[PDB]
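*Asks:* Taken in order, these protein sequences are the chains called A and A'. A prime marks a further copy of an entry chain. Going by the deposited numbering, the letters in the first sequence line up with residues 3 to 78, in that order. Going by the deposited numbering, the letters in the second sequence line up with residues 3 to 78, in that order. The C-beta atom is built at its ideal place from N, Cα and C for all residues, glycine as well. First the structure, which I've put down as structure tokens, then a few questions once you've had a look.
Number of protein chains: 2
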Amino acid sequence: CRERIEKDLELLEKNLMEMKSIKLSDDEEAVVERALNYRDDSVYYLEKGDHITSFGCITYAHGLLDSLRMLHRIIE
Amino acid sequence: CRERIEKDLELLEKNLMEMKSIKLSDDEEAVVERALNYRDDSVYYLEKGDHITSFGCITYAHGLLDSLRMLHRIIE
């Protein structure tokens, strides 16, 4: 599970960088901030050895960000 | 983990019902459809006993939906 978590942590960062030129509303920025908070929580739980909670946190963060990627037609 | 998954499955359904009066764009509908697909995958993995993958699927679905809830100011 550690490898799955780490790959998802890296992917979130990459996807965030891909988006830095997109102008976001305050509410969209709040969605991004929430994703970053859950990414941080994922790292906290990973390091403590709680892989289930850690994985849930990072996949939740991906859901938040992927919605924005879809709405901005970065992905389909 | 089964209980955590099941509670999240139920919560997704409740949150979906809360949203049924909101008029969504095609792209927002695609986000909802994606969430429903990952919810279905969560059930598939749960029943097969792959709790880690199942949990990741349902929390990802929650991320997708929560972004929409935030953008529509249903949550803050």
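For A:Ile76, return the contacting residues in chain A', with the cut-off set at a CB-CB distance below 9 angstroms.
*Replies:* Those within 9 angstroms of A:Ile76 in chain A' number zero; the least Cβ separation is about 11 angstroms.
*Asks:* Give a yes or no on whether the C-beta atoms belonging to A:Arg75 and A:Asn17 are separated by under 9 angstroms.
*Replies:* Not closer than 9 angstroms, so no.
*Asks:* Which residues in the same chain as A':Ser44 place their Cβ atom closer than 6 angstroms to its Cβ, once the five residues preceding and following it in sequence are excluded?
*Replies:* Hits under 6 angstroms: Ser56, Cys59, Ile60.
*Asks:* With A':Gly65 as the anchor, note down where its alpha helix (DSSP H) starts and where it stops.
*Replies:* Counting along the chain, the alpha helix (DSSP H) containing A':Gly65 begins and ends at 53 to 73.
*Asks:* Quick one, which residues of the region 60 to 73 of chain A' are near chain A if we go by CB-CB under 9 angstroms, in chain order?
*Replies:* For the region 60 to 73 of chain A', which is checked against every Cβ of chain A, the residues closer than 9 angstroms are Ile60, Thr61, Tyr62, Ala63, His64, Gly65, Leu66, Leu67, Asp68, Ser69, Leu70, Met72, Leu73.
*Asks:* Kindly list the residues whose CB is nearer than 7 angstroms to the CB of A:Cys3, restricted to its own chain and excluding five residues on each side of it in sequence; keep chain order.
*Replies:* Here the set comprises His53, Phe57.
*Asks:* With 9 angstroms set as the bound, which would you pick, yes or no: does the beta-carbon of A:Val33 sit closer than that to a beta-carbon of chain A'?
*Replies:* Chain A', which has a Cβ nearer than 9 angstroms to the Cβ of A:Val33, makes this yes.
*Asks:* At 8 angstroms on the CB atoms, spell out the chain A contacts of A':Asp29, in chain order.
*Replies:* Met72, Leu73, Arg75, listed in chain order.
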